[PDB]
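Colleague: There's a structure below that I have some questions on.
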RNA sequence: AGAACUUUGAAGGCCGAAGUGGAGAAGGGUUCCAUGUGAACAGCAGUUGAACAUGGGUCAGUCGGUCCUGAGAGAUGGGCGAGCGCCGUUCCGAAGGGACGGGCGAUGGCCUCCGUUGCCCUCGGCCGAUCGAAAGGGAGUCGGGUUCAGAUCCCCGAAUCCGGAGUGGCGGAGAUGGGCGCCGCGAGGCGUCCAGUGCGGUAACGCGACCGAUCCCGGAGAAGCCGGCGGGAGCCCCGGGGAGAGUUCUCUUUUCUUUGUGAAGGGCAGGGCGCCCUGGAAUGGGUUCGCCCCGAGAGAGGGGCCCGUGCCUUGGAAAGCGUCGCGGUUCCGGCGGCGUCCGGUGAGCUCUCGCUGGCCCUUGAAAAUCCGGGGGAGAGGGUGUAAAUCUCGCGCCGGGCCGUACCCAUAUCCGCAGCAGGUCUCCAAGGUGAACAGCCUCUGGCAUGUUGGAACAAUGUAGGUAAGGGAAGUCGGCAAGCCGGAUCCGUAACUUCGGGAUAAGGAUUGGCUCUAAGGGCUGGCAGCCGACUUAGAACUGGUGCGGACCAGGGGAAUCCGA
RNA sequence: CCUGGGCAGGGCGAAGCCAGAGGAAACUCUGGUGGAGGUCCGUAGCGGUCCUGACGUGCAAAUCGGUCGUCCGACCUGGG
Ligand SMILES: [Mg+2]
Ligand SMILES: [Mg+2]
Ligand SMILES: [Mg+2]
Ligand SMILES: [Mg+2]
Ligand SMILES: [Mg+2]
Ligand SMILES: [Mg+2]
Ligand SMILES: [Mg+2]
Ligand SMILES: [Mg+2]
Ligand SMILES: [Mg+2]
Ligand SMILES: [Mg+2]
Ligand SMILES: [Mg+2]
Ligand SMILES: [Mg+2]
Ligand SMILES: [Mg+2]
Ligand SMILES: [Mg+2]
Ligand SMILES: [Mg+2]
Ligand SMILES: [Mg+2]
Ligand SMILES: [Mg+2]
Ligand SMILES: [Mg+2]
Ligand SMILES: [Mg+2]
Ligand SMILES: [Mg+2]
Ligand SMILES: [Mg+2]
Ligand SMILES: [Mg+2]
Ligand SMILES: [Mg+2]
Ligand SMILES: [Mg+2]
Ligand SMILES: [Mg+2]
Ligand SMILES: [Mg+2]
Ligand SMILES: [Mg+2]
Ligand SMILES: [Mg+2]
Ligand SMILES: [Mg+2]
Ligand SMILES: [Mg+2]
Ligand SMILES: [Mg+2]
Ligand SMILES: [Mg+2]
Ligand SMILES: [Mg+2]
Ligand SMILES: [Mg+2]
Ligand SMILES: [Mg+2]
Ligand SMILES: [Mg+2]
Ligand SMILES: [Mg+2]
Ligand SMILES: [Mg+2]
Ligand SMILES: [Mg+2]
Ligand SMILES: [Mg+2]
Ligand SMILES: [Mg+2]
Ligand SMILES: [Mg+2]
Ligand SMILES: [Mg+2]
Ligand SMILES: [Mg+2]
Ligand SMILES: [Mg+2]
Ligand SMILES: [Mg+2]
Ligand SMILES: [Mg+2]
Ligand SMILES: [Zn+2]
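Chains as they are written, first to last, in the deposited numbering: chain AA, 53 to 102; chain Ag, 2 to 115; chain Ak, 2 to 70; chain AR, 63 to 182; chain Ap, 2 to 92.
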């Protein structure tokens with residue numbers, strides 16, 4: 053029901069020892085194994101939500 | 002020429018009714034039931050797909066029968082990685098730790114010279 | 002069932018308790034010895050009638066023996 | 063049934079009028095191609111593994127068997143014999159020319175040795 | 002032998018749904034059924050997954066590409082603008 | 001007592017494996033079986049039945065429900081509502097009553113050693129109680145025999161799963177080695193110290209076992225559809241043998257029924273690997289039906305792993321089957337002999353497994369359960385003495401409840417009925433044949449479908465013909481009838497260039513002898529064994545050949561809808 | 001919506017691939033392989049065009065016999 057691809061981006065919880073798995077909308081040109089960064093001072097590349 | 006018959010009352014050709022036919026010692030073709038095929042475990046999330054070698058590919062309720070020889074490999078990350086992942090993760094961990102030590106001693110030289 | 006290969010292992014099974022049936026089946030080329038100990042059937046097959054006779058001599062007499070015809 | 067099957071084995075009762083299906087339904091073209099090309103591709107393996115064809119002409123005749131050129135095993139074997147008889151001449155003439163050139167270069171080197179001995 | 006001269010891949014449909022529509026579907030069917038050169042392993046094993054997803058056969062590195070091609074020209078323009086605004090005066 | 005109909009013998013037929021056959025789900029509820037009657041029922045009849053009366057029949061750890069969630073249904077917190085109640089399923093909730101470890105107090109048993117109670121500290125997202133599949137997921141029973149009615153349930157024989165073990169049932173791992181000083185010829189001994197939570201292979205990985213707590217990660221469960229190809233099984237085909245039977249007017253080493261190994265453990269074939277080592281290619285090479293693969297390592301050589309439903313082995317020949325003979329009135333899963341064998345092949349049909357490809361603005365399910373790995377908090381005897389643990393071989397006990405008969409249908413269901421109506425499934429043989437088409441047979445069923453006898457009038461209902469004309473009948477070629485299969489030629493107007501097209505229009509088609517072509521397996525070109533296909537030639541039958549059945553009449557146009 | 005089951009055989013021969021020939025190049029021609037499709041003939045299945053046939057106080061308060069359209073799918077169908 054969606055033509056846009058979903059991206060399964062796993063994170064790391066900064067508070068407890070547990071890997072958190074989230075579901076992002078896949079931007080154009082990302083690939084498996086790319087370190088997707090997220091936060092305020094993240095550097096501006098394709099995939100880095102900021 | 003001997004047309005054979007079901008033995009349960011599962012009258013439909015579902016996935017659980019996956020059968021075969023054998024021959025009794027009393028000279029009669031019988032309709033004998035078959036367990037569904039179990040697949041071997043695969044690796045962990047990111048390598049080329051392929052079943053791990055040396056694990057008895059059965060149902061996990063049959064895995065209670067199995068001893069601690071036919072469910073894993075004696076190597077570390079044995080029944081989880083196909084050992085190509087092991088020989089890659091060892092080298093990757095070692096190289097990234099050594100390069101972070103190089104970056105740390107470069108920052109220490111920057112502290113000593115600045 | 003299981004097939005015991007060694008005569009010493011079969012006679013150790015015969016010495017072992019919780020065993021209530023020893024059967025002897027003669028055949029046209031060999032002879033089969035059956036022990037129904039507990040939920041398993043152990044078979045020693047041997048092709049020498051003299052060895053069968055000396056194993057019958059070395060069989061412990063405290064247990065019944067059924068000869069199949 | 064056995065008499066009729068013996069007549070079919072001899073080749074009788076198999077005219078044009080007693081064919082009620084198409085030729086692809088009777089003997090499939092895909093099955094004919096599979097049998098034909100499996101035979102024509104394992105005869106080359108029996109040749110290459112034993113003695114006959116070398117490494118390089120095997121791939122050329124392999125592609126030429128994959129193409130629809132060689133009809134059957136007999137003319138495939140005849141074409142392999144023709145290429146072998148051509149290769150024998152092409153290596154015999156090359157070996158004769160190489161022997162003539164090698165003796166000429168050896169004579170030139172020995173004349174260089176004679177002039178070197180005359181100078182020193 | 003060249004069996005079809007104009008329809009190309011669209012000859013699996015036949016006589017239906019218009020010459021202009023079949024001509025406009027022809028180019029993108031060639032684009033979705035053509036194998037693309039992988040930029041990671043260097044092979045040409047980019048097999049088409051579902052829409053938006055491309056998948057190289059060797060090394061299993063799945064990439065999020067265009068809907069019918071591997072790279073949209075608009076996507077290349079966006080990538081050039083993003084790297085330009087990246088190295089423009091350090092944010 | 002009574003026979004067109006009940007039962008048996010025989011004959012002739014039908015259903016003909018997509019069944020008028022053998023069993024199921026829903027539904028019926030005793031209809032299943034035996035005995036007795038025939039006023040009542042069955043559209044006539046009965047000695048018959050699904051009618052009536054009496055008496056029987058359904059046995060489960062390993063078949064299913066019960067467990068799990070799916071779409072969905074749902075109560076509490078909360079809100080609404082005059083009100084029974086309604087909205088909603090994580091929202092606005094103080095919505096975990098559990099375990100490990102430590103400390104303290106008390107009780108009990110043989111107070112040695114252990115098990116609980118009460119308190120404190122520490123840890124611990126439920127994607128939110130609960131329901132929801134007799135076709136989804138879901139551990140583990142198969143072989144022979146038994147009744148008038150049961151069958152994986154009952155008897156015999158042979159196995160497996162899941163729970164339980166406190167004074168911890170028996171073995172085997174962990175387990176027992178090295179160094180030093182002395183005695184003794186020596187085997188060995190004395191005393192001290194130290195190690196020992198298993199080993200091997202370069203590897204992929206293997207073994208009889210291999211300390212593991214909160215926590216984390218991963219896999220299985222857990223995947224669509226359709227082509228191809230290959231392996232295995234079952235059935236079918238052919239040749240030889242063994243047992244029985246049919247025909248013999250003449251012939252036929254002829255024809256027909258049968259010719260066995262279950263679950264489980266081990267060994268070995270066979271299939272597969274995107275699994276490893278040596279090794280470096282180009283004059284590019286290896287393989288497929290198709291692809292595909294190769295410096296991110298091809299060919300080649302040597303190894304490893306998975307499935308092993310295939311063969312052998314314990315089961316297992318003592319049963320089972322065929323055939324011949326012998327005793328018991330009977331009761332006896334009687335008694336004795338022989339056999340239950342050798343091979344070949346497949347565009348053969350069905351099932352299963354595996355490789356690979358195509359399709360997509362379709363990506364083709366969750367949960368319960370179970371396993372592995374990372375982590376080392378802790379645990380244990382400390383040395384001539386044995387534990388902490390065992391996912392190893394055994395030994396002992398238990399597995400509760402519910403359903404189990406029969407029809408599953410042109411007569412046990414629904415339609416007011418023994419109604420040409422309707423209802424979801426598995427198994428499917430021989431010939432002709434492309435075919436699971438149509439036709440005839442075998443295994444298995446049946447009496448022609450709620451009646452029989454006599455005659456063959458009109459009209460009718462279905463089927464087939466008819467001299468000459470061929471649509472002149474009729475609103476209309478309505479109905480009926482011509483071509484129909486296959487092979488070899490040859491195919492128009494138009495067009496979106498794909499089609500139109502099996503266009504149109506011709507020839508052959510039977511039987512019997514031949515000829516040529518299409519393969520495998522051994523030896524360093526020679527020899528043995530089978531396949532049904534194609535093409536060509538002669539001869540012949542009253543031009544007869546798709547000889548039954550199977551089965552496109554065609555062409556030119558107009559309007560509308562792609 | 002969820003969860004299951006099913007669809008005999010032949011015809012046309014798309015993409016991709018191989019071989020040969022021509023050309024300076026663009027590329028073209030021929031012979032194969034391939035099996036694509038809301039494709040064609042056709043069975044089971046699903047519906048019901050015509051005979052305005054049979055029945056029409058019927059088998060039936062809508063059925064039957066031929067002739068039928070479609071049959072890899074915008075397909076048919078059980079249960080919740
Ligand atoms: Mg089930
Ligand atoms: Mg073809
Ligand atoms: Mg008959
Ligand atoms: Mg069928
Ligand atoms: Mg039937
Ligand atoms: Mg009855
Ligand atoms: Mg009576
Ligand atoms: Mg009556
Ligand atoms: Mg009654
Ligand atoms: Mg029992
Ligand atoms: Mg509610
Ligand atoms: Mg309330
Ligand atoms: Mg439930
Ligand atoms: Mg079960
Ligand atoms: Mg019964
Ligand atoms: Mg049984
Ligand atoms: Mg197959
Ligand atoms: Mg076979
Ligand atoms: Mg077995
Ligand atoms: Mg029953
Ligand atoms: Mg009826
Ligand atoms: Mg019916
Ligand atoms: Mg009615
Ligand atoms: Mg047949
Ligand atoms: Mg045939
Ligand atoms: Mg009658
Ligand atoms: Mg009737
Ligand atoms: Mg006339
Ligand atoms: Mg006439
Ligand atoms: Mg005329
Ligand atoms: Mg006229
Ligand atoms: Mg008129
Ligand atoms: Mg007509
Ligand atoms: Mg006529
Ligand atoms: Mg014209
Ligand atoms: Mg036309
Ligand atoms: Mg006009
Ligand atoms: Mg229309
Ligand atoms: Mg179609
Ligand atoms: Mg047409
Ligand atoms: Mg038609
Ligand atoms: Mg009708
Ligand atoms: Mg009418
Ligand atoms: Mg009337
Ligand atoms: Mg039809
Ligand atoms: Mg028709
Ligand atoms: Mg059609
Ligand atoms: Zn790649």
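Don't be surprised by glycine CBs; every beta carbon is placed ideally from N, CA and C.
#1: Cα separation between residue 62 of chain Ag and residue 80 of chain Ag?
#2: Just to make sure I have the definition right: I need the residues of chain AA whose C-beta is within less than 8 Å of the C-beta of residue 44 of chain Ap. Which are they?
#3: Note down the Cα distance separating residue 36 of chain Ap from residue 31 of chain Ag, rounded to an integer number of angstroms.
#4: Measuring CB atoms only, is the region 56-68 of chain Ak touching the region 15-25 of chain Ak, in the sense that at least three cross pairs come out at less than 8 Å?
#5: Which residue wins for smallest C-alpha separation from residue 54 of chain AA, given the options Ap:66, Ap:77, Ap:52, Ap:38?
#6: For residue 45 of chain Ag and residue 7 of chain Ap, what's the separation of their Cα atoms in angstroms?
#7: For ligand 2, any of its heavy atoms closer than 7 Å to the Cβ of residue 6 of chain Ak?
#8: Contact check, residue 127 of chain AR vs residue 99 of chain AR under 8 Å by CB: the rounded distance?
#9: State the start and end residues of the unbroken alpha helix (DSSP H) segment that holds residue 21 of chain Ap.
#10: For residue 55 of chain Ap, count the other beta carbons within 10 Å of its own beta carbon; 16 or more makes it buried, fewer makes it exposed. Which is it?
#11: What does DSSP give as the partner residue(s) for residue 23 of chain Ag in the beta ladder?
#12: Do you know how far the Cα of residue 64 of chain Ag is from the Cα of residue 54 of chain Ag?
#13: Spell out whether any CB of chain Ap is found under 8 Å from the CB atom of residue 85 of chain AA.
#14: If the cut is a Cβ gap below 7 Å, which residues of chain Ap does residue 81 of chain AA touch?
#15: Under 6 Å Cβ to Cβ from residue 172 of chain AR, same chain only, skipping five residues before and after it: list those, please.
#16: So, under 8 Å CB-CB, residue 72 of chain Ak and residue 45 of chain Ak are touching, yes? Tell me the CB distance rounded to an integer number of Å.
#17: Just the Cα atoms here: how many angstroms apart are residue 56 of chain AA and residue 64 of chain Ap?
#18: If the cut is a Cβ gap below 7 Å, which residues of chain AA does residue 22 of chain Ap touch?
#19: Can you tell me whether residue 66 of chain Ap is buried or exposed, with buried defined as 16 or more other CB within 10 angstroms of its CB?
#20: Grab me the residues of residue 68 of chain Ap's own chain with a C-beta within less than 7 Å of its C-beta, minus the 5 sequence neighbours each way, in chain order.
#21: If you run the structure through DSSP and keep just helix, strand and coil, what is residue 95 of chain AR?
#22: Could you compute how far the alpha carbon of residue 70 of chain Ag sits from the alpha carbon of residue 12 of chain Ag?
Modeller: The structure says:
#1: Between the alpha carbons of residue 62 of chain Ag and residue 80 of chain Ag lies a distance of about 17 Å.
#2: Residues of chain AA with a Cβ closer than 8 Å to the Cβ of residue 44 of chain Ap do not exist; the shortest Cβ-Cβ separation is about 15 Å.
#3: Using only the alpha carbons, I get a separation of about 51 Å.
#4: Segment contact: the region 56-68 of chain Ak against the region 15-25 of chain Ak, three or more CB-CB distances shorter than 8 Å; contact assigned.
#5: Measuring from the Cα of residue 54 of chain AA, the nearest candidate turns out to be Ap:52.
#6: Going from the Cα of residue 45 of chain Ag to the Cα of residue 7 of chain Ap covers about 48 Å.
#7: Answer for residue 6 of chain Ak: no, Cβ out of range of ligand 2.
#8: Rounded, the Cβ-Cβ distance is 7 Å, consistent with contact.
#9: 20-34 is the span of the alpha helix (DSSP H), which, as asked, contains residue 21 of chain Ap.
#10: Buried: at least 16 other Cβ atoms inside 10 Å.
#11: Beta-bridge annotation (DSSP): residue 23 of chain Ag is paired with Ag:31.
#12: Cα to Cα, the separation comes out at about 16 Å.
#13: Under the Cβ distance rule, residue 85 of chain AA counts among the residues neighbouring chain Ap, one pair being separated by less than 8 Å.
#14: Under the 7 Å cutoff, chain Ap gives 65, 76, 80.
#15: If we look at residue 172 of chain AR and ignore the five residues flanking it on each side, it has no Cβ neighbours.
#16: Residue 72 of chain Ak cannot be examined here, being either before or after the span of chain Ak that is shown, 2 to 70.
#17: Spanning the two alpha carbons is a distance of roughly 13 Å.
#18: Those do not exist, as residue 22 of chain Ap stays about 20 Å from chain AA at its closest Cβ, beyond 7 Å.
#19: With 16 or more other Cβ atoms within 10 Å, it is buried.
#20: Excluding sequence neighbours, residue 68 of chain Ap sits near 52, 53.
#21: It is helical.
#22: Cα-Cα distance, rounded: 40 Å.
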